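Just so you know, these numbers use all the heavy atoms, side chains as well, and skip hydrogens, waters and symmetry mates. Starting from 1, each residue takes its place in the sequence as its number.
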Amino acid sequence: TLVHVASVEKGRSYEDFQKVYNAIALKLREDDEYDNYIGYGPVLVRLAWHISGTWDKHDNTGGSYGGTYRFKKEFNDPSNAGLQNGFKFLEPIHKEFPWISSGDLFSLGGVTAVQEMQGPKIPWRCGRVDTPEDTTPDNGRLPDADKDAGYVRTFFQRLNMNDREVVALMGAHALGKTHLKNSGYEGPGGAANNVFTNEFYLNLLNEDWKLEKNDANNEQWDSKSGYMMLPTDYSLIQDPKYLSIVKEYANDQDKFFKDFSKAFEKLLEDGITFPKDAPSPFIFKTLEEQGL
Ligand code: HEM
Ligand SMILES: CNCc1ccccc1
């Protein structure tokens, strides 16, 4: 097992990171046209997850710590097609705040996006440190979407996530959409795809899903409302253990928010050793809470 010890960017404290948060949040508000007016929130959430989801608990390779998405091997992972948009969004932020590590920036982008989209508070810790190009994980550690519940369950064991954590994390698929050219899947999951809600679960349960083929010749579940579910999304109502948890989150928005927050923080922190005298996690104020 590799050890990656969090090291606070020199002399920085909460206020410095709140300024970075605010710059991301202001740019989210400004650059509103992206992806037919969805805006950049969803893609920044996906970026934070994909830079974290390379982690392997068995040897501590991958994970958010090293900021390795900046290197070509990872940037060009077919699993990451489309995330270049999130990276380009963050470039002016990094230029303004060149002191933040890449992993801190990519993970903070996700936190900022969730919160600005009216999601739960996500505590966040600084101290990821850029690591060299040879530490970039090989392609193929992110999950396939054409598979079943057993695949999902097994996949997420590598990330140390249990059934509840998996079902909670998947609720992020209320955000944004699938794009045929990126992933071979097309369409949104619901009507509210740049506001963070529990609509993924409601739509799973309440829509009439039909197994269809899309224009890339892949199967996906479609509804007459114009929404879709990936096979891995739909697996959460095929498996009886997942189904129970889907029903719980469909019926309790606060529970969903609390469980998502904990699972997302955990995802973003996997692989990182925090010294006992490290700062406590930061909880950033939204622009709205600041009157900004
Ligand atoms: C079994 C696990 C998962 C699979 C197979 C999967 C698959 C996908 C696919 C195929 C897309 C569409 C990409 C595109 O065409 O642009 C997507 C989008 C997205 N995923 Fe996942 N995903 C998984 C888990 C997660 C998790 C755990 C999160 C975060 C907590 C997440 C967040 C997102 C977001 C926010 C988008 C929308 C991106 C956009 O609109 O640009 N996904 N996912
Ligand atoms: C909710 N199912 C469609 C979808 C999957 C991934 C991201 C957004 C939407």
* Step through the shown structure and confirm whether more than 12 heavy atoms of other residues, nucleotides or ligands are within 6.0 Å of CG on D59. => yes
* To do: Please indicate whether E288 has more than 12 foreign heavy atoms, meaning atoms of other residues, nucleotides or ligands, lying under 6.0 Å from its CD.
  => no
* How are the rings of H173 and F200 set relative to one another: parallel (under 30°), tilted (30 to 60°) or perpendicular (over 60°)? -> perpendicular
* For residues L202 and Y249, determine if any side-chain heavy atom of one lies less than 4.5 Å from a side-chain heavy atom of the other. => no
* Asked: Cation over ring, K247 on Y201, under 6.0 Å and within 45°?
  -> no
* Asked: So, do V114 and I122 sit near enough that their side-chain heavy atoms are less than 4.5 Å apart?
  -> yes
* Asked: Transitively linked via ILVMFWY side-chain contacts under 4.5 Å: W221 with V152?
  -> yes
* To do: Could you tell me whether the side chains of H50 and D77 share a donor-acceptor contact shorter than 3.5 Å?
  => no
* Distance-only, no hydrogens or angles: does the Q220 side chain make a donor-acceptor pair with backbone N or O of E186 under 3.5 Å? -> yes
* Partners of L287 by side-chain contact (heavy atoms from CB on, under 4.5 Å), sequence neighbours excluded? -> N22, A25, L26, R29, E116, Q290, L292
* Asked: Between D163 and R153, is there a side-chain N and carboxylate O pair less than 4.0 Å apart?
  -> yes
* Side chain to side chain, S79 and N139, heavy atoms closer than 4.5 Å -> no
* Look at the aromatic rings of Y21 and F284 and report parallel, tilted or perpendicular, splitting at 30° and 60°. => tilted
* State yes or no: are the ring centers of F17 and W124 separated by less than 6.0 Å? => yes
* Would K72 and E133 pass as an ion pair if we require N to O under 4.0 Å? -> yes
* To do: Compute both the distance and the angle, then confirm whether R158 meets the cation-pi test with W55: under 6.0 Å from the six-membered ring centre, within 45 degrees of the axis.
  => no
* Salt-bridge contact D144-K147 (side-chain N to carboxylate O under 4.0 Å) -> yes
* Contact check, side chains of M117 and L175, non-hydrogen atoms, under 4.5 Å -> yes
* Test salt bridge (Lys or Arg N to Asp or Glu O under 4.0 Å) applied to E165 and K262, step by step -> CA-CA 8 Å; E165 291 167 319; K262 294 166 184 177; over 6 Å; no
* **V166 and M170, any side-chain heavy atoms less than 4.5 Å apart** => yes
* Are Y69 and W49 close enough that their ring centres sit under 6.0 Å apart? -> no
* Measure the shortest side-chain to side-chain distance between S101 and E9 over non-hydrogen atoms and say whether it is less than 4.5 angstrom. => yes
* Indicate yes or no for a side-chain donor-acceptor contact from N194 to the backbone of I38 under 3.5 Å, with no hydrogens or angles considered. => yes
* **Verdict with reasoning, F196 to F257, per ring pair (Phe, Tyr, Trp, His ring centres under 6.0 Å)** => CA-CA 9 Å; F196 194 99; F257 268 35; 5.6 Å; yes
* **Verify same cluster id: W209, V167 (apolar side-chain graph, 4.5 Å)** => yes
* To do: Starting from the C-alpha separation in whole Å, work towards a yes-or-no answer on salt bridge (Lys or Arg N to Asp or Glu O under 4.0 Å) for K266 and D270.
  => CA-CA 6 Å; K266 176 179 168 174; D270 274 336; 5.7 Å; no
* Asked: Regarding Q18 and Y14, is there a side-chain donor-to-acceptor distance under 3.5 Å anywhere?
  -> yes
* To do: Report the distance from atom CG of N60 to atom OG1 of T1, rounding to the nearest 0.5 Å.
  => 4.5 Å
* Asked: Quick check: are there more than 12 heavy atoms from other residues, nucleotides or ligands sitting under 6.0 Å from CD of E30?
  -> no
* To do: Report yes if the side chains of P143 and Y151 come closer than 4.5 Å at any heavy-atom pair, otherwise no.
  => yes
* To do: Indicate whether any N or O donor in one side chain lies under 3.5 Å from an N or O acceptor in the other, for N85 and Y34.
  => yes
* **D16 side chain vs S13 backbone, donor-acceptor pair below 3.5 Å** => yes
* Any chance you could lay out the salt bridge (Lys or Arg N to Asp or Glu O under 4.0 Å) test for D222 and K210, step after step, and finish with the verdict? => CA-CA 5 Å; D222 296 332; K210 310 306 191 174; over 6 Å; no
* Asked: Are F274 and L268 in one and the same hydrophobic cluster, where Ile, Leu, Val, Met, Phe, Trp and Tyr link if side-chain heavy atoms are under 4.5 Å apart?
  -> no
* Output yes when a side-chain donor or acceptor of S261 lies under 3.5 Å from a complementary backbone atom of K258, and no otherwise. => no
* To do: Verify the distance criterion only: is there a donor paired with an acceptor across the side chains of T197 and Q253 at less than 3.5 Å?
  => no
* To do: Answer whether the closest heavy-atom distance between the side chains of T136 and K73 falls below 4.5 Å.
  => yes
